[PDB]
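Dropping structure_34.tsv in here (TSV, C-alpha atoms):
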```
chain	number	residue	atom	x	y	z
A	1	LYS	CA	0.00	0.00	0.00
A	2	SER	CA	2.87	2.42	1.03
A	3	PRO	CA	4.31	5.18	-1.18
A	4	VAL	CA	7.83	4.44	-2.59
A	5	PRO	CA	10.03	7.55	-2.67
A	6	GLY	CA	12.90	7.96	-5.10
A	7	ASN	CA	15.32	10.85	-5.16
A	8	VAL	CA	14.64	14.25	-3.81
A	9	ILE	CA	13.07	16.76	-6.20
A	10	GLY	CA	12.25	19.64	-3.90
A	11	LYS	CA	12.15	20.90	-0.35
A	12	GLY	CA	10.13	23.31	1.70
A	13	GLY	CA	9.53	24.27	5.29
A	14	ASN	CA	6.85	21.58	5.71
A	15	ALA	CA	7.66	18.77	3.28
A	16	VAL	CA	10.13	17.08	1.05
A	17	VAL	CA	9.13	16.14	-2.46
A	18	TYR	CA	10.44	12.83	-3.81
A	19	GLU	CA	10.01	11.04	-7.09
A	20	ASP	CA	7.43	8.27	-7.01
A	21	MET	CA	9.44	5.19	-7.98
A	22	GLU	CA	6.20	3.32	-8.74
A	23	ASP	CA	5.07	5.98	-11.23
A	24	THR	CA	7.34	8.23	-13.28
A	25	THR	CA	4.54	10.76	-13.89
A	26	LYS	CA	4.03	11.41	-10.18
A	27	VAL	CA	5.84	12.83	-7.18
A	28	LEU	CA	5.42	12.31	-3.43
A	29	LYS	CA	5.14	15.38	-1.25
A	30	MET	CA	5.89	13.96	2.17
A	31	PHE	CA	5.11	16.26	5.09
A	32	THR	CA	7.79	16.58	7.75
A	33	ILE	CA	5.30	17.61	10.40
A	34	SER	CA	1.56	17.30	10.78
A	35	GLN	CA	-0.57	19.69	8.69
A	36	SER	CA	-3.98	21.12	9.20
A	37	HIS	CA	-6.89	19.54	7.47
A	38	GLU	CA	-7.79	22.85	5.75
A	39	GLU	CA	-4.32	23.31	4.38
A	40	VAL	CA	-3.91	19.79	3.09
A	41	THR	CA	-7.40	19.85	1.61
A	42	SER	CA	-6.85	23.19	-0.07
A	43	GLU	CA	-3.55	22.07	-1.54
A	44	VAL	CA	-5.10	19.06	-3.16
A	45	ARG	CA	-8.21	21.00	-4.27
A	46	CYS	CA	-6.20	23.82	-5.88
A	47	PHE	CA	-3.88	21.38	-7.62
A	48	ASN	CA	-6.74	19.32	-9.04
A	49	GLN	CA	-8.59	22.48	-9.97
A	50	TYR	CA	-5.68	23.74	-11.99
A	51	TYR	CA	-4.21	20.60	-13.47
A	52	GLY	CA	-7.42	18.51	-13.62
A	53	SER	CA	-9.30	16.05	-11.45
A	54	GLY	CA	-7.02	13.17	-10.40
A	55	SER	CA	-3.82	15.32	-10.45
A	56	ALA	CA	-3.38	15.07	-6.62
A	57	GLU	CA	-4.53	12.70	-3.95
A	58	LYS	CA	-3.79	12.40	-0.27
A	59	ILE	CA	-1.50	9.68	0.99
A	60	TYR	CA	-2.54	7.98	4.18
A	61	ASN	CA	-0.87	5.77	6.73
A	62	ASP	CA	-2.50	2.71	8.32
A	63	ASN	CA	-3.95	4.95	11.08
A	64	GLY	CA	-5.88	6.87	8.40
A	65	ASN	CA	-3.85	10.07	8.90
A	66	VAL	CA	-2.50	12.10	6.01
A	67	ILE	CA	1.29	11.79	5.58
A	68	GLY	CA	1.69	13.42	2.12
A	69	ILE	CA	0.26	14.06	-1.35
A	70	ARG	CA	0.84	12.14	-4.57
A	71	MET	CA	0.69	14.52	-7.49
A	72	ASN	CA	1.56	14.89	-11.12
A	73	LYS	CA	5.17	15.56	-11.91
A	74	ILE	CA	4.91	18.95	-13.62
A	75	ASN	CA	6.66	19.72	-16.92
A	76	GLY	CA	9.18	22.52	-17.28
A	77	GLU	CA	12.45	23.89	-15.94
A	78	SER	CA	12.64	26.36	-13.00
A	79	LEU	CA	12.20	29.95	-14.12
A	80	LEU	CA	15.05	30.87	-11.76
A	81	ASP	CA	17.51	29.09	-14.00
A	82	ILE	CA	16.21	30.54	-17.28
A	83	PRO	CA	17.91	33.85	-17.85
A	84	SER	CA	16.20	34.46	-21.20
A	85	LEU	CA	12.70	33.94	-22.57
A	86	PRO	CA	11.16	34.17	-26.02
A	87	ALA	CA	8.59	36.91	-26.74
A	88	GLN	CA	5.64	34.51	-26.85
A	89	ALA	CA	6.16	33.77	-23.16
A	90	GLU	CA	4.45	37.08	-22.27
A	91	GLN	CA	1.14	35.65	-23.37
A	92	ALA	CA	1.93	32.38	-21.61
A	93	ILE	CA	2.26	34.02	-18.21
A	94	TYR	CA	-0.98	35.94	-18.66
A	95	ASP	CA	-2.57	32.64	-19.66
A	96	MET	CA	-1.46	31.08	-16.42
A	97	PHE	CA	-3.09	33.80	-14.33
A	98	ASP	CA	-6.25	33.75	-16.47
A	99	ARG	CA	-6.60	30.02	-15.82
A	100	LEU	CA	-6.01	30.39	-12.10
A	101	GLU	CA	-8.49	33.25	-11.88
A	102	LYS	CA	-11.28	31.39	-13.69
A	103	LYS	CA	-10.99	28.63	-11.19
A	104	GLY	CA	-11.34	31.30	-8.42
A	105	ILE	CA	-7.78	30.78	-7.18
A	106	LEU	CA	-5.90	33.86	-6.10
A	107	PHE	CA	-2.40	32.52	-6.52
A	108	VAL	CA	-0.29	33.41	-3.50
A	109	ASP	CA	3.25	32.33	-4.05
A	110	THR	CA	4.15	34.24	-7.19
A	111	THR	CA	7.95	34.02	-6.69
A	112	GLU	CA	10.02	32.76	-9.66
A	113	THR	CA	10.99	29.71	-7.65
A	114	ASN	CA	7.46	28.55	-7.60
A	115	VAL	CA	6.92	28.35	-11.28
A	116	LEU	CA	8.24	26.17	-14.09
A	117	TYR	CA	8.43	27.21	-17.75
A	118	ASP	CA	7.96	24.58	-20.39
A	119	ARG	CA	9.77	26.15	-23.33
A	120	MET	CA	8.64	23.37	-25.67
A	121	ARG	CA	4.91	24.12	-25.09
A	122	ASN	CA	5.39	27.76	-24.15
A	123	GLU	CA	3.57	27.33	-20.83
A	124	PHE	CA	4.02	28.43	-17.25
A	125	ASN	CA	3.16	25.83	-14.67
A	126	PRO	CA	2.80	26.74	-11.01
A	127	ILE	CA	4.21	24.29	-8.51
A	128	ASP	CA	2.80	25.01	-5.05
A	129	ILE	CA	-0.70	26.34	-5.61
A	130	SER	CA	-2.51	27.99	-2.79
A	131	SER	CA	-5.02	30.77	-2.64
A	132	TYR	CA	-5.66	33.81	-0.56
A	133	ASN	CA	-8.75	33.29	1.64
A	134	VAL	CA	-11.00	36.00	3.03
A	135	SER	CA	-12.04	35.64	6.72
A	136	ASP	CA	-13.88	38.18	8.88
A	137	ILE	CA	-11.02	37.42	11.31
A	138	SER	CA	-7.78	37.55	9.29
A	139	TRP	CA	-7.94	38.62	5.63
A	140	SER	CA	-10.37	41.24	4.19
A	141	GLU	CA	-11.19	41.54	0.47
A	142	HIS	CA	-9.18	44.68	0.19
A	143	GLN	CA	-6.09	43.13	1.87
A	144	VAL	CA	-6.43	40.12	-0.37
A	145	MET	CA	-6.89	41.94	-3.68
A	146	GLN	CA	-4.05	44.28	-2.86
A	147	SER	CA	-1.61	41.43	-2.14
A	148	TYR	CA	-2.89	39.29	-4.94
A	149	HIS	CA	-2.48	42.08	-7.51
A	150	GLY	CA	0.99	42.95	-6.23
A	151	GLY	CA	2.19	39.40	-6.63
A	152	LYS	CA	0.79	38.98	-10.04
A	153	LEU	CA	2.32	42.14	-11.42
A	154	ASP	CA	5.54	41.17	-9.79
A	155	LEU	CA	5.75	37.78	-11.44
A	156	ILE	CA	4.67	39.30	-14.72
A	157	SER	CA	7.37	41.96	-14.47
A	158	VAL	CA	9.90	39.19	-13.81
A	159	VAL	CA	8.76	37.42	-16.95
A	160	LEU	CA	8.90	40.65	-18.99
A	161	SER	CA	12.42	41.27	-17.75
A	162	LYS	CA	13.63	37.99	-19.21
A	163	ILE	CA	12.37	38.78	-22.71
B	1	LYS	CA	-3.09	46.14	19.32
B	2	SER	CA	-3.17	44.55	15.73
B	3	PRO	CA	-0.02	43.82	13.70
B	4	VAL	CA	0.79	46.54	11.12
B	5	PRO	CA	2.24	45.13	7.88
B	6	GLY	CA	4.47	47.15	5.59
B	7	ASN	CA	5.82	46.05	2.22
B	8	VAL	CA	6.16	42.48	1.16
B	9	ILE	CA	9.48	40.79	1.99
B	10	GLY	CA	8.75	37.18	1.06
B	11	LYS	CA	6.17	34.66	0.03
B	12	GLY	CA	5.51	30.99	0.53
B	13	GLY	CA	2.76	28.45	-0.03
B	14	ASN	CA	1.20	29.20	3.35
B	15	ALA	CA	2.10	32.81	4.23
B	16	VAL	CA	3.22	36.16	3.15
B	17	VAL	CA	5.97	37.92	5.06
B	18	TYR	CA	5.61	41.66	5.53
B	19	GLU	CA	7.75	44.28	7.23
B	20	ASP	CA	6.46	45.25	10.70
B	21	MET	CA	5.85	49.01	10.36
B	22	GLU	CA	5.79	49.34	14.14
B	23	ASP	CA	9.25	47.78	14.52
B	24	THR	CA	12.08	47.88	11.99
B	25	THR	CA	13.81	44.89	13.56
B	26	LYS	CA	10.81	42.60	13.04
B	27	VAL	CA	8.75	41.05	10.27
B	28	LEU	CA	5.26	39.67	10.17
B	29	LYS	CA	4.72	36.22	8.70
B	30	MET	CA	1.03	36.28	8.01
B	31	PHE	CA	-0.57	32.91	7.22
B	32	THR	CA	-2.93	32.76	4.24
B	33	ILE	CA	-4.74	29.75	5.61
B	34	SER	CA	-5.16	28.15	9.01
B	35	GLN	CA	-2.13	26.23	10.35
B	36	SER	CA	-1.92	23.30	12.72
B	37	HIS	CA	-0.94	23.94	16.29
B	38	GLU	CA	2.07	21.60	16.04
B	39	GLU	CA	3.45	23.24	12.94
B	40	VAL	CA	3.09	26.78	14.17
B	41	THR	CA	4.50	25.76	17.57
B	42	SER	CA	7.44	24.00	15.97
B	43	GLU	CA	8.18	26.98	13.80
B	44	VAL	CA	8.32	29.42	16.69
B	45	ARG	CA	10.29	26.91	18.86
B	46	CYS	CA	12.93	26.35	16.17
B	47	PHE	CA	13.26	30.01	15.44
B	48	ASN	CA	13.68	30.93	19.11
B	49	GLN	CA	16.04	28.03	19.63
B	50	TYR	CA	18.32	29.17	16.87
B	51	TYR	CA	18.12	32.96	17.16
B	52	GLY	CA	17.39	33.21	20.93
B	53	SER	CA	14.39	33.39	23.20
B	54	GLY	CA	12.06	36.23	22.16
B	55	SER	CA	13.02	36.00	18.44
B	56	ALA	CA	9.54	34.82	17.41
B	57	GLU	CA	6.10	35.07	18.96
B	58	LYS	CA	2.69	34.08	17.74
B	59	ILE	CA	0.17	36.65	16.58
B	60	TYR	CA	-3.45	35.87	17.50
B	61	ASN	CA	-6.90	36.91	16.42
B	62	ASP	CA	-9.89	37.41	18.71
B	63	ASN	CA	-10.77	33.71	18.34
B	64	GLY	CA	-7.43	32.89	19.99
B	65	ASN	CA	-6.15	31.33	16.75
B	66	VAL	CA	-2.85	32.01	15.30
B	67	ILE	CA	-2.76	34.24	12.24
B	68	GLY	CA	0.97	34.74	11.94
B	69	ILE	CA	4.31	35.10	13.64
B	70	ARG	CA	6.22	38.23	14.52
B	71	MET	CA	9.93	37.50	14.22
B	72	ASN	CA	13.31	39.13	14.03
B	73	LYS	CA	14.22	40.54	10.66
B	74	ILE	CA	17.27	38.44	9.86
B	75	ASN	CA	20.48	40.00	8.62
B	76	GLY	CA	21.92	39.14	5.21
B	77	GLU	CA	21.28	39.09	1.49
B	78	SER	CA	19.75	36.05	-0.29
B	79	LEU	CA	22.38	33.49	-1.24
B	80	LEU	CA	20.60	33.16	-4.59
B	81	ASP	CA	21.72	36.60	-5.61
B	82	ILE	CA	25.32	36.22	-4.44
B	83	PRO	CA	27.27	34.67	-7.26
B	84	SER	CA	30.60	34.78	-5.43
B	85	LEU	CA	31.66	34.10	-1.80
B	86	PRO	CA	34.92	34.63	0.10
B	87	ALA	CA	36.89	31.59	1.32
B	88	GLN	CA	36.01	32.09	4.99
B	89	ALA	CA	32.40	31.41	4.14
B	90	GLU	CA	33.14	27.65	4.06
B	91	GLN	CA	33.59	27.65	7.82
B	92	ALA	CA	30.54	29.85	8.24
B	93	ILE	CA	28.22	27.31	6.63
B	94	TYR	CA	29.61	24.47	8.74
B	95	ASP	CA	29.05	26.78	11.74
B	96	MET	CA	25.44	27.18	10.86
B	97	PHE	CA	24.85	23.41	10.76
B	98	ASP	CA	26.81	22.87	13.97
B	99	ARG	CA	24.59	25.37	15.72
B	100	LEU	CA	21.37	23.80	14.37
B	101	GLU	CA	22.52	20.31	15.31
B	102	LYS	CA	23.41	21.29	18.91
B	103	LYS	CA	19.94	22.59	19.39
B	104	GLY	CA	18.65	19.19	18.12
B	105	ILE	CA	17.26	20.66	14.93
B	106	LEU	CA	17.64	18.61	11.73
B	107	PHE	CA	17.28	21.43	9.25
B	108	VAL	CA	14.97	20.43	6.49
B	109	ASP	CA	14.88	23.21	3.91
B	110	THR	CA	18.44	23.40	2.81
B	111	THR	CA	17.76	25.15	-0.51
B	112	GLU	CA	19.73	28.35	-1.29
B	113	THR	CA	16.56	30.42	-1.27
B	114	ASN	CA	16.04	29.57	2.36
B	115	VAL	CA	19.33	31.03	3.59
B	116	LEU	CA	20.79	34.52	3.89
B	117	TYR	CA	24.49	35.36	3.98
B	118	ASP	CA	25.69	38.31	6.02
B	119	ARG	CA	28.92	39.13	4.31
B	120	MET	CA	29.84	41.75	6.91
B	121	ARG	CA	29.80	39.16	9.79
B	122	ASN	CA	30.57	36.14	7.59
B	123	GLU	CA	27.50	34.27	8.79
B	124	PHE	CA	24.79	32.12	7.26
B	125	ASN	CA	21.32	32.67	8.65
B	126	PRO	CA	18.48	30.26	7.93
B	127	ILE	CA	15.09	31.80	7.27
B	128	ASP	CA	12.39	29.16	7.59
B	129	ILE	CA	13.64	26.73	10.22
B	130	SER	CA	11.93	23.43	10.62
B	131	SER	CA	13.15	20.03	11.65
B	132	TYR	CA	12.72	16.45	10.53
B	133	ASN	CA	10.70	14.56	13.11
B	134	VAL	CA	10.72	10.81	13.74
B	135	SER	CA	7.19	9.40	14.17
B	136	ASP	CA	5.36	6.03	14.35
B	137	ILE	CA	2.99	8.02	12.14
B	138	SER	CA	5.63	8.21	9.26
B	139	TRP	CA	9.38	9.05	9.47
B	140	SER	CA	11.91	6.46	10.72
B	141	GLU	CA	15.37	7.34	12.02
B	142	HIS	CA	16.98	5.92	8.94
B	143	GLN	CA	14.69	7.90	6.58
B	144	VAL	CA	15.36	11.07	8.55
B	145	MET	CA	19.13	10.80	8.80
B	146	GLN	CA	19.38	9.91	5.11
B	147	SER	CA	17.38	12.96	4.02
B	148	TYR	CA	18.95	15.25	6.58
B	149	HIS	CA	22.49	14.38	5.47
B	150	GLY	CA	21.64	14.71	1.79
B	151	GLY	CA	20.34	18.21	2.29
B	152	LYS	CA	23.23	19.31	4.34
B	153	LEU	CA	25.83	18.14	1.83
B	154	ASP	CA	23.79	19.69	-0.89
B	155	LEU	CA	23.74	23.16	0.70
B	156	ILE	CA	27.39	22.87	1.59
B	157	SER	CA	28.24	21.96	-2.01
B	158	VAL	CA	26.32	25.03	-3.18
B	159	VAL	CA	28.38	27.21	-0.85
B	160	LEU	CA	31.61	25.57	-1.98
B	161	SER	CA	30.63	26.24	-5.58
B	162	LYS	CA	30.46	29.95	-5.01
B	163	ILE	CA	33.96	30.19	-3.56
```

Write-out of the structure in structure tokens:
Amino acid sequence: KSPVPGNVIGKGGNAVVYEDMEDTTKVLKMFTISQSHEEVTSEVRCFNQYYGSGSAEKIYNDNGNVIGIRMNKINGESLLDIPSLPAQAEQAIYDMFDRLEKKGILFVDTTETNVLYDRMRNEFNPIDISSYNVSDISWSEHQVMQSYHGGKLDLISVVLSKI
Amino acid sequence: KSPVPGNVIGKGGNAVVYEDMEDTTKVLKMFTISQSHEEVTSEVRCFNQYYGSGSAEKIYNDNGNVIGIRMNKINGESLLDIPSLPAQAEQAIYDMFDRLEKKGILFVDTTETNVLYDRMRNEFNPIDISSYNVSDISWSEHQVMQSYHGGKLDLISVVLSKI
């Protein structure tokens, strides 16, 4: 039943992403510490909403607790390592945001590190997808739109700088 | 009483880090979605354990839930943007790991983007500190040591490459 991790693909403050040795088209995001239900649910939801139903599923242990997420290995190379981009990439980045916005996702982590560019298909693929969330208690609409807009223009400006 | 965010300093899958306009020596890590008690507790613990008691405190809403963390603004420039390092930096990176290991922290996120280098003091300062954790729920000692070691050698090799 268990997941079978291969080499390390990525790292974050809460998980380590390994290859799935059982399936070359998937990766295993294994959490290093217990996550909230809302956060794990949202991560899966957002990923499936962007990449399609079946792109991410929770991984459970025998106790029925969530230990990670099995998700599609995303195509592309890290935008960090791509000093130069073709002109048609401008449209590609707008396309990415358009798609996220239709799904109602207000993409949070707009840093270059969190996006891959597939030069062969001219597409930008976000890696860790999460959304801003309005709560009468933490985030207001205004706060959210302001931060969302700032991040989007930022990532766009980064893309425009590489053309 | 509220936290007063300034400009954006950083972004992640679960939070946005803003300047604290009330205190130049602090930053506000505001979570975009609810976090588990263990994870937020572990984050504050690790941060205080590395940088000293009082380096990080939780920020609460009226419901008594945690909406973010107020923490010391760390000195240094992002290692990503530093193409070249002096020779004495080799010792500095080993110093960082020594210090984390004494405190019992098995630093997880060893990527360059998660570390700052203070060239003036020749020090490496980790940003998002979290530790591997052995659990009957998922991670074995062997799994943990193997991944911990890999990350450490990886970050070290990055540092050595810039010298």

Per residue of chain A within 9 Å of chain B, what are the shortest atom pair and its distance in Å to one decimal, counting only C-alpha atoms, with rows by chain and residue number, as CSV?
```
residue,atom,partner,partner_atom,distance
A:8,CA,B:147,CA,8.4
A:10,CA,B:111,CA,8.5
A:11,CA,B:109,CA,5.6
A:12,CA,B:109,CA,5.2
A:13,CA,B:109,CA,5.6
A:14,CA,B:130,CA,7.3
A:15,CA,B:108,CA,8.2
A:16,CA,B:108,CA,8.0
A:32,CA,B:132,CA,5.7
A:33,CA,B:39,CA,6.4
A:34,CA,B:39,CA,6.6
A:35,CA,B:36,CA,5.6
A:36,CA,B:36,CA,4.6
A:37,CA,B:36,CA,8.1
A:38,CA,B:34,CA,6.8
A:39,CA,B:33,CA,6.6
A:42,CA,B:33,CA,8.9
A:61,CA,B:137,CA,7.0
A:62,CA,B:137,CA,8.5
A:63,CA,B:137,CA,7.7
A:65,CA,B:137,CA,7.8
A:67,CA,B:138,CA,6.7
A:108,CA,B:13,CA,6.8
A:109,CA,B:12,CA,5.3
A:110,CA,B:11,CA,7.5
A:111,CA,B:11,CA,7.0
A:113,CA,B:113,CA,8.5
A:114,CA,B:12,CA,8.7
A:128,CA,B:13,CA,6.1
A:129,CA,B:13,CA,6.9
A:130,CA,B:13,CA,6.0
A:131,CA,B:32,CA,7.5
A:132,CA,B:32,CA,5.6
A:133,CA,B:32,CA,6.4
A:134,CA,B:32,CA,8.8
A:137,CA,B:61,CA,6.6
A:138,CA,B:67,CA,6.7
A:139,CA,B:32,CA,7.8
A:147,CA,B:8,CA,8.5
```

Could you check which of B:29, B:78, B:124, B:99 is closest to residue 56 of chain B, using only C-alpha atoms?
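Counting only C-alpha atoms, the residue closest to residue 56 of chain B is B:29.
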
Closest to residue 100 of chain A among A:163, A:9, A:57, A:125, using only C-alpha atoms?
A:125

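Between residue 154 of chain A and the candidates A:105, A:50, A:93, A:118, the tightest atom-to-atom separation, counting all atoms listed in the file, involves A:93.
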
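Shortest separation to residue 44 of chain B among B:70, B:25, B:19, B:76 occurs at residue B:70, atoms counted being only C-alpha atoms.
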
Draw an axis-aligned box over all listed atoms of segment 145-156 of chain A, pad each side with 3 Å, and write its centre and edge lengths in Å, one decimal, as JSON.
```
{"center_x": -0.6, "center_y": 41.0, "center_z": -8.4, "size_x": 18.6, "size_y": 12.5, "size_z": 18.6}
```

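Distance-wise, atom CA of residue 89 of chain B and atom CA of residue 123 of chain B end up 7.3 Å apart.
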
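Shortest atom-to-atom contact with residue 58 of chain A among A:46, A:71, A:126, A:5: A:71, counting only C-alpha atoms.
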
Please determine, counting all atoms listed in the file, which residue among B:152, B:146, B:115, B:73 has the shortest atom-to-atom distance to residue 97 of chain B.
B:152
